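Just one chain follows, in the form solved without ligand 9CL, and it is written as structure tokens.
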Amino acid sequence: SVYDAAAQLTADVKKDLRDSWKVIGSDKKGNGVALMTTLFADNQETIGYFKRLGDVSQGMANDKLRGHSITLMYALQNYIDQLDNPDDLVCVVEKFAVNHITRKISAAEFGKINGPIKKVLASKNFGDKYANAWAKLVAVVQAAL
């Protein structure tokens, strides 16, 4: 359950999330778009879910993709800001899950974002330690799908 998964966010995990986000969240547009393009490159099968975005290969030049990418980063910002209060983190996660459940995005499908996050982190000198911390946060969302 999402409640048990949120309890997996221990002291050090929350700390590593904040330290890495401090850098990653500094450039929401750049890292957000990098995140999306990496997802589409490593998992071409997910492109079907984003038909509305148009030609995703245009990257930054695609206004709809850029708008989506920037917005996506504010969802992560939201998560990070709610780390202090488990009750708030949970209600925010369930709220977020609504539209993804409606699009029929499964926990397994959502989990594909872990690869792109790991690669973006690595490009900023954040190793496995951080990728694993982010995988734990992603697991909270997966628990609600």
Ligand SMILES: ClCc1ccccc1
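Residue numbers here begin at 1 and follow the sequence given.
Not pictured, yet referred to below: the form deposited with ligand 9CL bound.
Ligand 9CL is absent from this chain, but in the deposited bound form, do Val13, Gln82 and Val90 each have a non-hydrogen atom within 4.5 Å of it?
Spot residues vs ligand 9CL: no contact at all.
Are any of the heavy atoms in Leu9 no more than 4.5 Å from a heavy atom of ligand 9CL in the deposited bound form?
Output for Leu9 is no: heavy atoms all beyond 4.5 Å of ligand 9CL.
In the deposited bound form, is there a heavy atom of ligand 9CL that lies within 4.5 Å of any heavy atom of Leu35, even though the partner is absent here?
It does: once ligand 9CL is placed as it appears in the deposited bound form, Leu35 has a heavy atom within 4.5 Å of it.
Residue contact check: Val120 to ligand 9CL in the deposited bound form, 4.5 Å heavy atom
Judged by the heavy-atom cut-off of 4.5 Å, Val120 is in contact with ligand 9CL in the deposited bound form.
In the deposited bound form, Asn31 touching ligand 9CL (heavy atom, 4.5 Å)
Residue-level check for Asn31: yes, a contact with ligand 9CL.
Heavy atom within 4.5 Å of ligand 9CL in the deposited bound form - qualifying residues of 1-28:
Contacts from 1-28: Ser20, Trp21, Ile24.
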